[PDB]
Each structure stands twice: as structure tokens, then as C-alpha cells.
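Trainee: Sending over protein33.tsv (TSV, C-alpha atoms).
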chain	number	residue	atom	x	y	z
A	1	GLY	CA	-5.60	151.81	-98.63
A	2	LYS	CA	-1.99	150.77	-98.15
A	3	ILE	CA	-0.62	147.93	-96.05
A	4	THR	CA	2.85	146.44	-95.84
A	5	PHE	CA	3.52	142.86	-94.74
A	6	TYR	CA	6.92	141.79	-93.30
A	7	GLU	CA	8.26	138.25	-92.97
A	8	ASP	CA	10.01	138.92	-89.66
A	9	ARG	CA	8.80	140.68	-86.55
A	10	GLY	CA	9.72	144.28	-85.90
A	11	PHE	CA	9.28	145.29	-89.55
A	12	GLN	CA	12.24	143.26	-90.78
A	13	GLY	CA	12.83	140.80	-93.59
A	14	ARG	CA	11.17	140.45	-96.99
A	15	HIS	CA	8.26	142.92	-97.28
A	16	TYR	CA	5.31	143.43	-99.64
A	17	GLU	CA	3.41	146.69	-100.14
A	18	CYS	CA	-0.24	146.22	-101.02
A	19	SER	CA	-3.13	148.52	-101.93
A	20	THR	CA	-5.75	146.00	-103.15
A	21	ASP	CA	-7.64	142.85	-102.32
A	22	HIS	CA	-5.52	139.76	-102.93
A	23	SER	CA	-6.81	136.15	-103.01
A	24	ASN	CA	-3.22	134.81	-102.84
A	25	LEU	CA	-0.31	136.49	-101.11
A	26	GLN	CA	1.97	133.45	-101.25
A	27	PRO	CA	3.93	134.74	-104.32
A	28	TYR	CA	5.09	137.76	-102.29
A	29	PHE	CA	5.94	136.40	-98.83
A	30	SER	CA	5.68	133.03	-97.04
A	31	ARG	CA	5.03	134.26	-93.51
A	32	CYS	CA	3.93	137.50	-91.90
A	33	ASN	CA	5.25	138.49	-88.52
A	34	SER	CA	4.69	142.24	-88.64
A	35	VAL	CA	2.55	144.74	-90.55
A	36	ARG	CA	2.46	148.48	-91.10
A	37	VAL	CA	-1.03	149.76	-92.07
A	38	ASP	CA	-0.45	153.15	-93.70
A	39	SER	CA	-4.13	153.66	-94.48
A	40	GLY	CA	-7.48	151.88	-94.70
A	41	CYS	CA	-9.16	149.08	-92.84
A	42	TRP	CA	-8.12	145.56	-93.80
A	43	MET	CA	-9.30	142.01	-93.17
A	44	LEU	CA	-6.37	139.58	-93.34
A	45	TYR	CA	-6.96	135.85	-93.89
A	46	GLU	CA	-4.75	132.95	-92.82
A	47	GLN	CA	-5.47	130.95	-95.99
A	48	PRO	CA	-5.89	131.80	-99.69
A	49	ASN	CA	-9.22	132.82	-101.18
A	50	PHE	CA	-10.35	134.56	-98.03
A	51	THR	CA	-10.49	131.49	-95.87
A	52	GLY	CA	-9.15	130.38	-92.51
A	53	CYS	CA	-8.75	132.68	-89.53
A	54	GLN	CA	-9.59	136.31	-90.08
A	55	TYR	CA	-8.00	139.40	-88.57
A	56	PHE	CA	-9.00	143.05	-88.58
A	57	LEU	CA	-6.28	145.68	-88.95
A	58	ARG	CA	-6.42	149.46	-89.31
A	59	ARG	CA	-3.95	152.33	-89.52
A	60	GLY	CA	-0.91	151.79	-87.35
A	61	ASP	CA	2.10	149.56	-86.64
A	62	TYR	CA	1.87	145.92	-85.62
A	63	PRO	CA	5.32	144.64	-84.61
A	64	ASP	CA	4.20	141.06	-83.93
A	65	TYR	CA	1.26	138.98	-85.10
A	66	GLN	CA	-0.12	138.86	-81.55
A	67	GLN	CA	-0.92	142.56	-81.94
A	68	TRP	CA	-3.65	141.63	-84.46
A	69	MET	CA	-4.71	138.67	-82.33
A	70	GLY	CA	-3.09	136.34	-84.81
A	71	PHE	CA	-3.23	132.59	-84.23
A	72	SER	CA	0.06	132.20	-86.16
A	73	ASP	CA	2.21	134.14	-88.65
A	74	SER	CA	0.04	132.90	-91.58
A	75	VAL	CA	-1.43	135.59	-93.84
A	76	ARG	CA	-2.32	134.40	-97.36
A	77	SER	CA	-5.15	136.67	-98.58
A	78	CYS	CA	-6.55	140.12	-97.73
A	79	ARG	CA	-9.45	142.47	-98.28
A	80	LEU	CA	-9.38	146.25	-98.24
A	81	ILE	CA	-12.66	147.14	-96.54
A	82	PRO	CA	-14.54	149.95	-98.31
A	83	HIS	CA	-15.84	153.03	-96.59
A	84	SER	CA	-19.12	152.85	-94.64
A	85	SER	CA	-20.92	156.12	-93.81
A	86	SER	CA	-23.52	154.19	-91.80
A	87	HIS	CA	-23.84	150.86	-90.05
A	88	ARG	CA	-27.01	148.91	-89.27
A	89	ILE	CA	-27.35	145.28	-88.20
A	90	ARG	CA	-30.18	143.05	-87.03
A	91	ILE	CA	-29.19	140.49	-84.41
A	92	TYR	CA	-31.32	137.39	-83.93
A	93	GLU	CA	-31.60	134.92	-81.07
A	94	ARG	CA	-31.95	131.80	-83.26
A	95	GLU	CA	-30.72	130.71	-86.69
A	96	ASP	CA	-32.56	131.78	-89.84
A	97	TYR	CA	-33.59	135.12	-88.30
A	98	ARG	CA	-35.89	133.54	-85.68
A	99	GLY	CA	-36.55	134.38	-82.05
A	100	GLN	CA	-35.92	137.76	-80.44
A	101	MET	CA	-34.24	140.47	-82.50
A	102	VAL	CA	-32.56	143.81	-81.93
A	103	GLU	CA	-31.46	146.34	-84.58
A	104	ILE	CA	-28.37	148.43	-83.74
A	105	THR	CA	-26.30	151.13	-85.45
A	106	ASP	CA	-23.45	151.31	-82.90
A	107	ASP	CA	-20.81	149.01	-81.49
A	108	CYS	CA	-21.47	146.38	-78.82
A	109	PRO	CA	-18.56	145.20	-76.62
A	110	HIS	CA	-20.76	142.67	-74.77
A	111	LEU	CA	-23.74	141.04	-76.50
A	112	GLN	CA	-24.85	139.04	-73.49
A	113	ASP	CA	-24.86	141.87	-71.04
A	114	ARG	CA	-26.63	144.35	-73.28
A	115	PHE	CA	-29.81	142.94	-74.78
A	116	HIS	CA	-33.25	141.64	-73.81
A	117	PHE	CA	-32.15	138.12	-74.81
A	118	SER	CA	-29.06	136.02	-74.22
A	119	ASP	CA	-28.35	133.84	-77.35
A	120	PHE	CA	-27.06	135.12	-80.82
A	121	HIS	CA	-27.28	132.87	-83.88
A	122	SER	CA	-28.04	134.93	-87.04
A	123	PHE	CA	-27.43	138.41	-88.40
A	124	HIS	CA	-28.74	140.64	-91.15
A	125	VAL	CA	-26.24	143.30	-92.06
A	126	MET	CA	-28.37	146.08	-93.53
A	127	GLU	CA	-25.65	148.76	-93.81
A	128	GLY	CA	-21.83	148.81	-93.44
A	129	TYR	CA	-19.06	146.40	-92.60
A	130	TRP	CA	-18.64	144.86	-89.17
A	131	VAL	CA	-16.34	142.56	-87.26
A	132	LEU	CA	-18.07	139.87	-85.16
A	133	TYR	CA	-15.90	138.56	-82.30
A	134	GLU	CA	-15.95	135.27	-80.40
A	135	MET	CA	-15.52	136.93	-77.01
A	136	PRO	CA	-16.55	140.17	-75.29
A	137	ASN	CA	-14.50	143.34	-75.68
A	138	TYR	CA	-13.49	142.51	-79.26
A	139	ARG	CA	-11.38	139.50	-78.48
A	140	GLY	CA	-10.77	135.97	-79.75
A	141	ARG	CA	-11.77	134.74	-83.22
A	142	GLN	CA	-12.78	137.44	-85.65
A	143	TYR	CA	-15.25	137.29	-88.51
A	144	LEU	CA	-15.94	139.94	-91.17
A	145	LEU	CA	-19.61	140.67	-91.73
A	146	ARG	CA	-20.36	142.42	-95.06
A	147	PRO	CA	-23.78	143.70	-96.13
A	148	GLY	CA	-26.11	140.75	-96.54
A	149	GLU	CA	-27.51	137.78	-94.70
A	150	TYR	CA	-25.93	135.39	-92.15
A	151	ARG	CA	-28.46	132.64	-91.30
A	152	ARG	CA	-26.07	130.58	-89.19
A	153	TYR	CA	-22.50	130.52	-88.09
A	154	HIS	CA	-21.20	128.69	-91.17
A	155	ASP	CA	-22.20	131.72	-93.26
A	156	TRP	CA	-19.71	133.89	-91.37
A	157	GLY	CA	-16.89	131.33	-91.55
A	158	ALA	CA	-17.03	130.10	-87.95
A	159	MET	CA	-16.66	126.54	-86.93
A	160	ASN	CA	-19.20	127.11	-84.16
A	161	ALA	CA	-21.79	129.56	-82.81
A	162	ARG	CA	-19.65	131.32	-80.12
A	163	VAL	CA	-19.93	135.11	-80.26
A	164	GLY	CA	-19.38	137.91	-77.78
A	165	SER	CA	-19.07	141.35	-79.34
A	166	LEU	CA	-19.59	143.39	-82.50
A	167	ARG	CA	-17.67	146.37	-83.88
A	168	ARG	CA	-18.42	148.63	-86.82
A	169	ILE	CA	-15.49	148.97	-89.19
A	170	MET	CA	-14.47	152.62	-89.20
A	171	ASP	CA	-10.91	153.94	-89.59
A	172	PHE	CA	-8.86	155.79	-86.97
A	173	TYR	CA	-7.21	159.22	-86.81
Could you render the structure from this file as C-alpha cells?
Mentor:
Amino acid sequence: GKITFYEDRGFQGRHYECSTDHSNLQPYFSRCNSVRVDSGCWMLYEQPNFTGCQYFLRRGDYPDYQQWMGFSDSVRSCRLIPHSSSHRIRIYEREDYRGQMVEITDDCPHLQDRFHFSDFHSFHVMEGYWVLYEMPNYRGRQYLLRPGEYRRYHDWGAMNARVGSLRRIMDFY
């Protein structure tokens, strides 16, 4: 993977080329108003140590932070997401894997409209990397889900339970 951060919009200003996870990008730039993703799938984080708001980016040009649904020009840590050949997640109605459940291996642009139940409070990521979104059609707050267990919203870094859609992380072409 290769990503380049720019302090000003339109790919201007101080820039930093990156090919690895970073817990602290502050030594290299103080703001990020545009990004070029040469390759790979990336999760950017507003704050150091993979905290704060999260944003999913993949190959392509992002001339303004709004293009990655940024809440501001803050980017202070990043993960390069590794390759997934398969994706599998269990979605549960209540916290701690209780209530109704469905197991999917594809994307879901509208949780509410698609299943046999209407509330979504815990997740077990069996295979692959996913982005969980606050709103339908992959909008709003974004949260990376890695393989493993999410018993309640705090486990995925949300300040509340609001969710709307789910996307597998796969690259483009």
C-alpha cells in the first residue's frame, strides 16, 4: 500500500508518502486536506493511536477531506488494511451476541430494510475486514471492524449504538 497526505486541498502544500501503519502522523504534517491513495485500502484516524473519527479510503484521488466523509482536516494515525480473500460476519439484535442473528458474506447498504429483525447491537467478525457505517448507503460515521468480537458499540469505537450499513473492505480496479 501507498498513500500520500497533503496539508492543503487539491494536492498542495507539505506532503507525506506512507506505506505502513502509523500511530502518530503529527511529525510529518499538522493537517490533511487532500490525499492520493496509490494502492491499498486504508483506515485513517483523526487522533493518534488509532482513536477518534475513522475514515475508509481506497485507491484514488481525494481533493478535499469531504470526499472521505471527513469531519475535519484532522488525520493523525492510519492503518493499511490487509488483504481479505473472504468476508463473514454475524450480526446480532442485542448486545453480547443476544437476540436474533444473521450471518452474511456480502455487503449490506441498509441493515434495517434487509433482515428479519430491526435492531443491531453486536457483531462477530469471523473472516475479513469491514467498515460499519452509522447511516444507510455507507454514510456518516465510520468504524473499522477487524476479525474478532464486538459485544457492544464501545468495542467498535462508537459513542453510541447508531448503525445503518456494512461494507466488506476490498480494493478497486
Trainee: Can you check which parts of segment 13-104 of chain A lie within 8 Å of segment 132-153 of chain A? Per residue, the shortest pair of atoms and distance in Å to one decimal, counting only C-alpha atoms, sorted by chain and number, as JSON lines.
Mentor:
{"residue": "A:43", "atom": "CA", "partner": "A:144", "partner_atom": "CA", "distance": 7.2}
{"residue": "A:53", "atom": "CA", "partner": "A:141", "partner_atom": "CA", "distance": 7.3}
{"residue": "A:54", "atom": "CA", "partner": "A:142", "partner_atom": "CA", "distance": 5.6}
{"residue": "A:55", "atom": "CA", "partner": "A:142", "partner_atom": "CA", "distance": 5.9}
{"residue": "A:56", "atom": "CA", "partner": "A:142", "partner_atom": "CA", "distance": 7.4}
{"residue": "A:69", "atom": "CA", "partner": "A:140", "partner_atom": "CA", "distance": 7.1}
{"residue": "A:95", "atom": "CA", "partner": "A:152", "partner_atom": "CA", "distance": 5.3}
{"residue": "A:96", "atom": "CA", "partner": "A:151", "partner_atom": "CA", "distance": 4.4}
{"residue": "A:97", "atom": "CA", "partner": "A:151", "partner_atom": "CA", "distance": 6.4}
Trainee: Nearest to residue 172 of chain A among A:59, A:83, A:124, A:154, with distances taken over all atoms listed in the file: which residue is it?
Mentor: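 Closest residue, counting all atoms listed in the file: A:59.
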Trainee: Which residues, written as a count of residues only, have at least one atom at most 10 Å from residue 128 of chain A, with all atoms listed in the file counted and residues fewer than 6 positions away on the same chain left out?
Mentor: 17
Trainee: If you measure from atom CA of residue 13 of chain A to atom CA of residue 51 of chain A, what distance in Å do you get, rounded to one decimal?
Mentor: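 That distance, rounded to one decimal, is 25.2 Å.
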Trainee: Would you compute the distance between atom CA of residue 33 of chain A and atom CA of residue 7 of chain A? Give it in Å to one decimal.
Mentor: 5.4 Å
Trainee: May I ask which of the residues A:78, A:3, A:41, A:161 is the closest one to residue 131 of chain A, counting all atoms listed in the file?
Mentor: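 Ranking A:78, A:3, A:41, A:161 by distance to residue 131 of chain A, first place goes to A:41.
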Trainee: Between atom CA of residue 40 of chain A and atom CA of residue 158 of chain A, what distance in Å does the model show, to one decimal?
Mentor: 24.7 Å
Trainee: Would you mind completing segment 76-104 of chain A to N, CA and C atoms and writing the output as a short mmCIF file (atom, residue, chain, number, x, y, z; two decimals), keeping the file's coordinate frame?
Mentor:
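What follows is the written file rebuild.cif:
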data_model
loop_
_atom_site.label_atom_id
_atom_site.label_comp_id
_atom_site.auth_asym_id
_atom_site.auth_seq_id
_atom_site.Cartn_x
_atom_site.Cartn_y
_atom_site.Cartn_z
N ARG A 76 -2.44 134.83 -95.97
CA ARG A 76 -2.32 134.40 -97.36
C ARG A 76 -3.37 135.05 -98.27
N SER A 77 -4.29 135.83 -97.70
CA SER A 77 -5.15 136.67 -98.58
C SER A 77 -5.59 137.87 -97.76
N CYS A 78 -6.16 138.90 -98.42
CA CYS A 78 -6.55 140.12 -97.73
C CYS A 78 -7.63 140.88 -98.52
N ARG A 79 -8.45 141.53 -97.73
CA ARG A 79 -9.45 142.47 -98.28
C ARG A 79 -9.20 143.86 -97.72
N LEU A 80 -9.23 144.86 -98.63
CA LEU A 80 -9.38 146.25 -98.24
C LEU A 80 -10.87 146.55 -98.04
N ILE A 81 -11.24 146.91 -96.83
CA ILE A 81 -12.66 147.14 -96.54
C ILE A 81 -13.09 148.53 -97.00
N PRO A 82 -14.17 148.61 -97.77
CA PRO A 82 -14.54 149.95 -98.31
C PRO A 82 -15.19 150.76 -97.23
N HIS A 83 -15.34 152.06 -97.56
CA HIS A 83 -15.84 153.03 -96.59
C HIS A 83 -17.30 152.80 -96.23
N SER A 84 -17.69 152.89 -94.97
CA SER A 84 -19.12 152.85 -94.64
C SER A 84 -19.52 154.18 -94.00
N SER A 85 -20.49 154.91 -94.52
CA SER A 85 -20.92 156.12 -93.81
C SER A 85 -21.93 155.80 -92.70
N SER A 86 -22.52 154.61 -92.76
CA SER A 86 -23.52 154.19 -91.80
C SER A 86 -23.42 152.67 -91.60
N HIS A 87 -23.90 152.26 -90.44
CA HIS A 87 -23.84 150.86 -90.05
C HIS A 87 -25.18 150.50 -89.39
N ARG A 88 -25.70 149.35 -89.79
CA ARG A 88 -27.01 148.91 -89.27
C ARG A 88 -27.02 147.38 -89.34
N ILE A 89 -27.29 146.74 -88.22
CA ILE A 89 -27.35 145.28 -88.20
C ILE A 89 -28.52 144.81 -87.35
N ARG A 90 -29.16 143.74 -87.80
CA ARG A 90 -30.18 143.05 -87.03
C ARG A 90 -29.56 141.78 -86.45
N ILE A 91 -29.74 141.62 -85.15
CA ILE A 91 -29.19 140.49 -84.41
C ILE A 91 -30.33 139.60 -83.92
N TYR A 92 -30.26 138.31 -84.24
CA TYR A 92 -31.32 137.39 -83.93
C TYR A 92 -30.88 136.29 -82.96
N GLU A 93 -31.83 135.92 -82.11
CA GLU A 93 -31.60 134.92 -81.07
C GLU A 93 -31.35 133.52 -81.62
N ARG A 94 -32.07 133.15 -82.68
CA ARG A 94 -31.95 131.80 -83.26
C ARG A 94 -31.50 131.86 -84.70
N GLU A 95 -31.12 130.74 -85.29
CA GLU A 95 -30.72 130.71 -86.69
C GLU A 95 -31.89 131.11 -87.59
N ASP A 96 -31.56 131.48 -88.83
CA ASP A 96 -32.56 131.78 -89.84
C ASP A 96 -33.52 132.88 -89.37
N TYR A 97 -32.95 133.88 -88.70
CA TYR A 97 -33.59 135.12 -88.30
C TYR A 97 -34.83 134.85 -87.44
N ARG A 98 -34.78 133.84 -86.58
CA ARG A 98 -35.89 133.54 -85.68
C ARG A 98 -35.57 133.97 -84.25
N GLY A 99 -36.61 133.97 -83.42
CA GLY A 99 -36.55 134.38 -82.05
C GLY A 99 -36.49 135.88 -81.88
N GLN A 100 -35.97 136.32 -80.73
CA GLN A 100 -35.92 137.76 -80.44
C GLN A 100 -34.93 138.42 -81.38
N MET A 101 -35.12 139.72 -81.61
CA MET A 101 -34.24 140.47 -82.50
C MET A 101 -34.03 141.87 -81.92
N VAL A 102 -32.84 142.40 -82.22
CA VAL A 102 -32.56 143.81 -81.93
C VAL A 102 -31.81 144.37 -83.13
N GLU A 103 -32.06 145.64 -83.44
CA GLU A 103 -31.46 146.34 -84.58
C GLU A 103 -30.59 147.44 -84.00
N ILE A 104 -29.28 147.43 -84.26
CA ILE A 104 -28.37 148.43 -83.74
C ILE A 104 -27.54 149.10 -84.85
#
